[PDB]
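Only one chain is shown below, in structure tokens, and it's the form deposited in one PDB entry.
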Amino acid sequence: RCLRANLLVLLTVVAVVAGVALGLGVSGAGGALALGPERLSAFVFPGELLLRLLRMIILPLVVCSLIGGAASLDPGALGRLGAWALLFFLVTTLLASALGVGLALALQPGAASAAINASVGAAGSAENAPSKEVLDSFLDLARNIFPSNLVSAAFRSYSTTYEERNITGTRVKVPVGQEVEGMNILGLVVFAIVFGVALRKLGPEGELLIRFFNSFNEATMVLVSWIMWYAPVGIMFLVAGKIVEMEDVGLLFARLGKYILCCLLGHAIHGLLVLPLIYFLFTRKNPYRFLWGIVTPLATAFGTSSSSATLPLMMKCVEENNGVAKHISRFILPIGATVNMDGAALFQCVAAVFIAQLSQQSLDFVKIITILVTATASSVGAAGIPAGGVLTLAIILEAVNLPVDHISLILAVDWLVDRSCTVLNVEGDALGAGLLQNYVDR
């Protein structure tokens, strides 16, 4: 039934296109001048509503799916599957970062152009920042792993601010911990996996609880169906709002065309050559067919700019349409969302290479390897914190000591490049799931 099967894909693609058209027409016809902030809020509000709906269920779906997936195969096979999955995610993120270096080095987006100016963008506010240390970031990562409280971890994460409690002499900023807002999805993932392993360690005592969590996840999936049918309206209004919030006639594109083209080309090459090649090599099945199987979550990722929020739609589509195993999907895809960020590592490395290319920095071999490794680690470093969309580049440049004086340049265009990132991240998650499904099948 092609007509009914492909209705959703048609609807979300039409939603994205019509949202772009609506926003461009509104901005050309007057935009904010004809709109006002109140009508801007009402115009963006369906987008915020879709993101509120999809952030409501990631906690149930992630927790109960991992508990229902971990306790479906014995811990030996689970350990092997988790290890090969982490290896796959690490390799894909590393390949993405290397592709970013190879593109930004060649196209040279940091050539002398309008982007050389940065007074308007920075205006002295770029240097002023928390300036989180790399060690403190890794410690906050390993403290969001192994949370102090599960309930608080359902909406809070650990962030190490810096006070000035060294009045005795030579004032040095000292760390203090204070829980902030944002889900600790990594901690919940680890707790859930460990829980499911514990239930598999038990036998008849755990059958009730596995049945509970599987039923709960199936109910949440039934909610996901209806959220999916709502999603095109939210995507349309969200995209229209996010191109009405700033003019996009071509001024910022004319400013940063090489950088944005480098990022989008890197994302497409990662998402249409590298990972499809890996899938074909390993499972020997049509990767582009599979990519068409998941267009609706990809479009939702482009519209939402949030990997965790698109995940319920993705797990529904992957388990339903494509012939991916239910337990493998449950175990892999949430872990893919919180660890695999191919696009994030890609455009972080490309941004670093761009800001280094302007001012003519060297970056011969050692610094290249450094940016690769720290991008690969920051793939998960940025994952626990939702606020740090591109904030993690500052700590990278602190590690390797580059000019952070114009990091605010990307914040004007973060809302565009970070969407293709989300597309590629969920794509890499699904491809890892398919590969590991075939590996477990063999």
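All residue numbers refer to positions in the sequence shown, first residue = 1. We call the rigid core the largest set of C-alpha positions that still match within 1.5 Å between the two forms.
Novice: I'd like to know whether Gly169, which is modelled here, goes unmodelled in a third or more of the other compared entries that cover its flanking residues.
Specialist: It is, since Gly169 is left out of at least a third of the other entries that model both flanking stretches.
Novice: Counting only other entries that model residues on either side of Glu127, is it left out in at least a third?
Specialist: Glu127: unmodelled in at least a third of the other compared entries.
What comes next is about the form deposited in another entry, which is not displayed.
Novice: Answer yes if the Cα of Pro175 shifts by 2 angstroms or more between this form and the one not shown on a rigid-core superposition, and no otherwise.
Specialist: Indeed, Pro175 is displaced by 2 Å or more.
Novice: Fitting the rigid core first, would the Cα of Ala83 be found 2 Å or more away between this form and the one not shown?
Specialist: Shift at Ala83: below 2 Å after core fit.
Novice: Classify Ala356 as shifted (yes) or not shifted (no) between this form and the one not shown, where shifted means its C-alpha moves by 2 Å or more with the rigid core superposed.
Specialist: After core superposition, the C-alpha of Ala356 moves 2 Å or more between this form and the one not shown.
Novice: Quick one: with a 3 Å or larger change, is the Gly100 to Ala387 CA distance smaller or larger in the other form? Answer closer or farther.
Specialist: Closer, not farther.
Novice: Relative to the form shown here, do the C-alpha atoms of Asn425 and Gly384 sit closer together or farther apart in the other form, given a change of 3 Å or more?
Specialist: Closer, not farther.
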